[PDB]
Amino acid sequence: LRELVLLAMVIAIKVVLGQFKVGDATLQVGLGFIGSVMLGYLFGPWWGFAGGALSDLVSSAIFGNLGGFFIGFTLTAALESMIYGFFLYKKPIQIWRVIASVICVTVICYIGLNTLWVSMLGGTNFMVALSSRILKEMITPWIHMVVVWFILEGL
Ligand SMILES: Nc1nc(=O)c2nc(CNc3ccc(C(=O)N[C@@H](CCC(=O)O)C(=O)O)cc3)cnc2[nH]1
């Protein structure tokens, strides 16, 4: 199939942009979301969950993660690309979908899950973790939404 040539390239994209990030073994800030949104826009949730799940393995395998591989961050990258799917897939680019999608991702994946992982990886209690990370998760969503627009428009 043609679209599977595509899937690879966008995994490749997702992996590459993912390497533009600043941060800690606790919160990181980067362009990885850009790729993961593409996966949900173009391929839908299932293939988007697959591609996200996948692109994390690859990115891990090549670049490696601070503090080592954790199978949790994998799940996150899969849900991340799958939620942008349920929202944005085969639909007219709208602002309310962009807000809803980035808001759900940020709550479940970033605020919920990645904190759960970080809390686990470090010795912390969850809210200790949450307190270190919550400023980012309040600020970035608007940047994510704007970027998500230009991405969705551009393609
Ligand atoms: N398999 C695997 N994949 C990974 O990416 C990974 N990353 C780490 C490094 N730990 C972290 C901790 C927090 C964030 C983080 O806070 N990311 C943002 C999303 C990225 C963004 O929004 O720019 C977040 O808010 O959770 C990333 C990596 C450790 N093990 C891993 N293991």
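For this deposition, the record names X-ray crystallography as the technique by which the model was determined and cites 3.014 Å as its resolution.

As recorded in the PDB entry, the chain goes by the name Conserved hypothetical membrane protein, listed as coming from Lactobacillus delbrueckii subsp. bulgaricus.

**With respect to helix α4 (residues 95-121)**
Over its 27 residues, α4 extends 36 Å from the first C-alpha to the last, a length consistent with the 39 Å expected when each residue adds 1.5 Å. The axis of α4 is deflected most strongly, by about 30°, at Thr106.

**Examining the environment of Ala12**
Within the element layout of this structure, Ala12 appears in helix α1 (residues 3-17). With a relative accessible area of 38%, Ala12 lands in the partly exposed category.

**Here's the deal with the site of the ligand**
Around the ligand, the structure places 22 residues, and the nearest of them are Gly30, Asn65, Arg133, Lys136 and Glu137. Take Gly30: an N or O atom from its main chain is 2.7 Å from an oxygen atom of the ligand. A distance of 2.6 Å is found between an oxygen atom of the ligand and a side-chain nitrogen or oxygen belonging to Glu137. Look at the ligand: alone it shows 650 Å² of surface, and the protein chains cover 91% of it. Among the elements of the structure, β2 (28-30), α2 (32-63), α3 (71-88), α4 and α5 (126-154) are those that each provide at least two residues to the shell around the ligand. No other element matches α5, which puts four residues into the shell around the ligand. When grouped by side-chain class, the residues that make up the shell around the ligand number nine nonpolar, nine polar and four charged.

**Some words on the state of the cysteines**
Structurally, a disulfide amounts to a covalent bond that connects the sulfur atoms of two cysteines. This structure, assessed with the given rule, holds zero disulfides. Of all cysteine sulfurs in the structure, the one in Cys109 sits closest to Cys104, which takes part in no disulfide; the separation is 9.8 Å. The partly exposed category is assigned to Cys104, whose relative accessible area is 24%.

**Considerations on the layout of surface pockets**
Counted as a void, the largest pocket has a volume near 950 Å³. Looking at the largest pocket, it is lined by 40 residues, and the ones nearest its centre are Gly18, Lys21, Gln28, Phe73 and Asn114. For the lining of the largest pocket, the elements supplying multiple residues, two or more each, are α1, β1 (21-23), β2, α2, α3, α4 and α5. The dominant element in the lining of the largest pocket, judged by the number of residues it contributes, is α5, at seven residues. Residue composition of the lining of the largest pocket, by class: 16 nonpolar, 16 polar and eight charged.

**Observations regarding a nonpolar patch on the surface**
On the surface, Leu54, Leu57, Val58, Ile62, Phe63, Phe69 and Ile71 cluster together into a nonpolar patch covering about 670 Å² of accessible area. Here the element with the most residues in the nonpolar patch is α2; it accounts for five residues. Following the sequence through the fold, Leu57 ends up in helix α2.

**A look at the packing of aromatic side chains**
Enumeration over the complete set of coordinates arrives at three aromatic pairs. Where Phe70 meets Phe73, the ring centres are 5.9 Å apart and the plane angle is 75°; that geometry is what we call edge-to-face. Residue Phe73 is classed as partly exposed on the basis of its relative accessible area, which comes to 26%. Measuring from centroid to centroid gives 5.6 Å for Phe70 and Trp117, while their planes differ by 65°, and the two rings are edge-to-face. With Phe70 in the loop between α2 and α3 and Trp117 in helix α4, this residue pair connects regions lying 47 residues apart in the sequence. A relative accessible area of 10% means that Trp117 is categorised as buried. Chaining the aromatic ring pairs together yields one cluster made of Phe70, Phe73 and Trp117. Over the aromatic face of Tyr110 sits the side chain of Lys136, whose NZ or CZ is 4.6 Å from the ring centroid.

Criteria and thresholds
Residues numbered from 1 in each chain as written, not as in the entry; some residues may be left out. Heavy atoms only, no water. Helix = DSSP H or I, 4+ residues; strand = E, 2+ residues; numbered from the N terminus. Expected span 1.5 Å × (residues − 1). Bend = angle between axes of the 7 residues up to and from the residue. Buried < 20%, exposed > 50% of the residue type's maximum accessible area, 1.4 Å probe, protein only. Near = heavy atom within 4 Å. Polar contact = N/O pair within 3.5 Å; in protein donor to acceptor, adjacent residues only side chain to side chain. Areas by Shrake-Rupley, 256 points an atom, 1.4 Å probe, with all protein chains shown as cover. Nonpolar A, V, L, I, M, F, W, Y, C, P; charged D, E, K, R; others polar. Disulfide = S-S within 2.5 Å. 1 Å grid on protein atoms, 1.4 Å probe; cavity = no way out; pocket = protein on both sides within 12 Å on 5 of 7 lines; lining within 4 Å. Points joined across faces, edges and corners; volume = space filled by probe spheres on them. Patch = residues over 30% accessible without salt bridge, like charges linked within 9 Å, V, L, I, M, F, W, Y side chains within 5 Å. Salt bridge = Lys/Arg side-chain N within 4 Å of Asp/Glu carboxyl O. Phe/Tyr/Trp six-rings, centres within 6.5 Å; stacked < 30°, edge-to-face > 60°. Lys NZ or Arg CZ within 6 Å of the ring centre and 35° of its normal.

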